[PDB]
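Take a look at this single chain, the form deposited in one PDB entry, given in structure tokens.
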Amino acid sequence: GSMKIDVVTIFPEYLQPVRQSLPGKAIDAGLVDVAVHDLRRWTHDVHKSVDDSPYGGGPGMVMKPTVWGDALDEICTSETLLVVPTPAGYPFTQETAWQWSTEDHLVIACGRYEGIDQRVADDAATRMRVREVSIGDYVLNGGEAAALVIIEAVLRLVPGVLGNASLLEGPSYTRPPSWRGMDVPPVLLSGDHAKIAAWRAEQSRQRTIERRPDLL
């Protein structure tokens, strides 16, 4: 019913859409609080360094464990579920979203560059629950867009937070009944509601075969 989400990122402005997506009613009811933190608050040096070269060589850079360690020490508690987006993560699915929707405290650690030194998650996992997850089979530049997806998918399952109320869903239609030469399937206007449900089931079967045969 109530959840705190802390997001840590070197691009705090990226997370502005979700703070805007929150209805005042939910905030006022104390049902939800989303806070965004600039990782550079926890840097050690005048240059506010968050990255360094990879051990073993290779392209790109790795985010520093000492900076992240300090950030997570301050923000996390023993009750925290630490969420770490990564293209190498376990798949984030609707099952995940449902599970996380009843958590009291999510912390989302958004990486950039080539990711975060693995000891950050490994150390954190010795005192809290840690979940390395991926939102899909494509590569992003960092975790912020993944955080937006995760926050939306989770919070829409928490009663009253975002203001909203297997096989693939089939097509939907509304007025007008005819538009640019295309008519709404007459069965939908038939008043035969058992037949409509059967029609929708077959549309779902066809669409699932065409687009996601793996689900069958």
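Take the two forms, superpose them, and find the largest set of C-alpha atoms that agree within 1.5 Å; that set is the rigid core. The numbering used is simple: start at 1 and walk along the sequence shown.
Heads up, the form deposited in another entry isn't pictured, but that's what we're talking about next.
For the listed set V149, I27, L157, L189, the sole C-alpha moving 2 Å or more between the shown form and the other one on a rigid core superposition is that of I27. The Cα-Cα distance between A153 and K25 is shortened by 3 Å or more in the other form relative to the form shown here. Wider separation of the C-alpha atoms of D33 and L22, by 3 angstroms or more, is seen in the other form than in the present form.
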